[PDB]
Structure formats: structure tokens, C-alpha cells
Number of protein chains: 2
Amino acid sequence: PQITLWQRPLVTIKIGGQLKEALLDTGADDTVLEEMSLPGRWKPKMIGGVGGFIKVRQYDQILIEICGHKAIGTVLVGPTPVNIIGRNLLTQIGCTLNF
Amino acid sequence: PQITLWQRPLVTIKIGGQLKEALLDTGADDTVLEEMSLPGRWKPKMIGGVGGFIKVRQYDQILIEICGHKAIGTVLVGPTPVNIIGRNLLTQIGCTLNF
Ligand SMILES: Nc1ccc(S(=O)(=O)N(Cc2ccccc2)[C@H]2CNC[C@@H]2N(Cc2ccccc2)S(=O)(=O)c2ccc(N)cc2)cc1
Ligand SMILES: [Cl-]
Ligand SMILES: [Cl-]
Ligand SMILES: [Cl-]
């Protein structure tokens with residue numbers, strides 16, 4: 001697809017057996033989702049932006065589907081106000097900015 | 001251009017005759033720059049990041065060049081981690097996400 005930026009670039013994702021809505025975000029180095037359970041080991045991380053920092057849990061090697069496209073990578077989980085697909089996964093689906 | 005996302009999509013912008021580095025951020029609704037001087041009157045604006053809402057200065061109808069492409073629109077000024085070009089100006093330069 002070619003996604004317009006007139007509106008937020010929101011897409012459906014599938015992760016952990018769950019369908020969620022998420023923002024395709026080129027400014028985010030990492031993917032960050034609202035509180036959920038994921039399998040496997042994790043370690044704590046801090047991420048931050050305007051408004052300050054939040055503590056999240058870092059899970060590696062997680063499978064996700066984004067708009068039909070399968071990808072694997074690190075997912076951060078924590079008290080984010082919006083589900084974010086970051087560059088670590090956008091690269092895997094071949095997402096580019098074009099103008 | 002076509003910009004891949006293996007690294008931060010940092011580009012050069014020009015504003016007030018000064019060159020700056022800014023991030024192309026499809027997750028940001030609004031463009032926000034580090035503290036700087038802009039002409040005219042400003043209005044108050046709240047923006048929300050992962051850690052909460054903060055107050056920034058809103059300047060309307062500001063001339064800005066982004067990677068060689070001209071735009072005129074709203075620019076916010078405040079304590080942002082990095083200069084950010086958000087969707088209000090990415091739309092003006094014709095930017096889309098593609099995969
Ligand atoms: N590693 C890492 C660091 C930060 C984040 S993030 O702050 O959640 N996050 C996602 C987001 C939050 C809130 C609303 C919409 C998107 C970043 C990326 N897009 C916007 C947001 N921000 C920019 C940023 C922060 C740190 C490093 C580089 C850029 S931000 O500061 O909250 C922001 C929010 C709204 C506007 N107008 C401008 C800026 C995610 C992963
Ligand atoms: Cl990763
Ligand atoms: Cl590539
Ligand atoms: Cl605008």
C-alpha cells in the first residue's frame with residue numbers, strides 16, 4: 001500500500017494472537033505496545049520523549065503481522081498512550097518514506 | 001527521495017535562514033522544533049508524548065524548507081528531544097509511507 005499522512009497512519013496488527021490498531025511511526029527507534037502479555041524472557045528499559053520517560057519491558061524475537069506482512073523483532077511493552085510500530089519492524093516489511 | 005529506515009530518517013531543514021537537522025516523524029501530528037526565535041505572535045498548544053502532555057508555543061504560517069521542498073504552516077517550539085517534522089508538513093511536501 002501507499003499510505004497518506006492526511007490522517008494518522010493507523011493499521012491493524014496481529015501479535016500474541018490479538019488484533020490491535022497501531023501507528024506506523026518513523027520517529028520511533030523501537031516498537032512499543034500497550035500492556036499485554038508476551039512469551040519469554042524480558043529486561044527493563046526506559047524510553048522517553050516530550051512529557052518524560054516511561055519504564056517498559058523489552059522482549060526480543062517476537063513475531064508480529066503488520067498489515068498482512070510478517071516480521072520478527074524486539075517489542076517493548078508498557079504504559080504507552082498509543083500502540084507504535086517503530087523502525088526496528090518497519091524495516092522488515094520494506095516500509096519507506098517517499099516524496 | 002525514497003528513505004529507508006535502518007537509521008533515523010534525519011534530514012536537513014531550513015528555517016529563518018538557518019540549516020538544522022530534523023527527524024521525519026510520521027507518528028507526530030505536529031512539527032516541533034527545539035527552542036529558537038520565530039517571528040510574530042504565538043498561541044498556546046498542548047502536545048502529548050509517551051510520558052504525558054506539555055505546553056509548547058504555536059507559530060502559524062511559518063516558512064520552512066524540508067529536504068529542498070517548500071512548506072508554509074504551523075511550527076511548534078518547545079523542549080523536544082530532537083527537531084521533528086510531523087504530518088502537518090509531511091503532507092505539504094507530498095510524503096507518503098510505502099510498502
Ligand atoms: N525509543 C523510543 C523513544 C520514544 C518513543 S515515543 O515517544 O513513544 N514516540 C511515539 C509516539 C508517542 C506519542 C504519540 C505519538 C507517537 C515518538 C516517535 N513519534 C512521536 C514521539 N516523539 C518524538 C521522539 C521522541 C524520542 C526520540 C525521537 C523522537 S514525542 O517527543 O513524544 C512527540 C510527540 C508529539 C509531537 N507532535 C512531537 C514529538 C518510542 C520509542
Ligand atoms: Cl529488533
Ligand atoms: Cl531495504
Ligand atoms: Cl499547518
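Values below: every heavy atom of this structure, side chains too, minus hydrogens, waters and symmetry copies. Proteins come first, then strands; the chains are lettered A, B, ... in the order of their sequence lines, and each starts at number 1. Read the numbers this way: they start at 1 and go in the same order the structure lists the ligands and their atoms.
The backbone and the side chain of A:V50 each have at least one atom closer than 4.0 Å to an atom of ligand 1 (non-hydrogen atoms only). Using a 4.0 Å cut-off between heavy atoms, B:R8 contacts ligand 1 through its side chain alone, with no backbone atom that close.
Closest of all the heavy-atom pairs between B:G86 and B:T31 is N-OG1, 3.0 Å.
Of the N and O atoms on the side chains of B:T74 and B:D60, at least one donor lies less than 3.5 Å from an acceptor on the other residue.
Those atoms of ligand 1 that come under 4.0 Å of a heavy atom in B:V32, given as number and element, are 37 (N), 38 (C). Close approach of ligand 1 to A:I84 is summarised as follows: ligand atoms under 4.0 Å from at least one heavy atom of the residue are 10 (C), 11 (C), 16 (C). Atoms of ligand 1 found under 4.0 Å from any heavy atom of A:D30, numbered from 1 in the order shown, are 1 (N), 2 (C), 41 (C). Distances below 4.0 Å separate heavy atoms of B:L23 from the following atoms of ligand 1: 28 (C), 29 (C). With ligand atoms numbered from 1 in the order given, ligand 1 contributes 24 (C), 25 (C), 26 (C), 31 (O) to contacts under 4.0 Å with heavy atoms of B:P81.
In this comparison of B:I85, A:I47, A:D25, the heavy atom closest to atom 10 (C) of ligand 1 sits on A:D25. When the heavy-atom distances from atom 15 (C) of ligand 1 to B:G86, B:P79, B:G27 are ranked, the shortest goes to B:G27. In this comparison of A:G49, A:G48, B:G48, A:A28, the heavy atom closest to atom 3 (C) of ligand 1 sits on A:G48.
Around the CD atom of A:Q18, the shell of radius 6.0 Å holds more than 12 heavy atoms that belong to other residues, nucleotides or ligands.
Taking a cutoff of 4.0 Å between a charged side-chain nitrogen and a carboxylate oxygen, B:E35 and B:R57 qualify as a salt bridge. By the 4.0 Å N-to-carboxylate-O rule, B:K20 lies too far from B:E34 to be salt-bridged with it. Checked for salt-bridge contact, A:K70 and A:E65 miss the test: no charged N lies under 4.0 Å from a carboxylate O.
Using a 30° and 60° split on the angle between ring planes, B:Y59 and B:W42 fall in the tilted class, from 30° to 60°.
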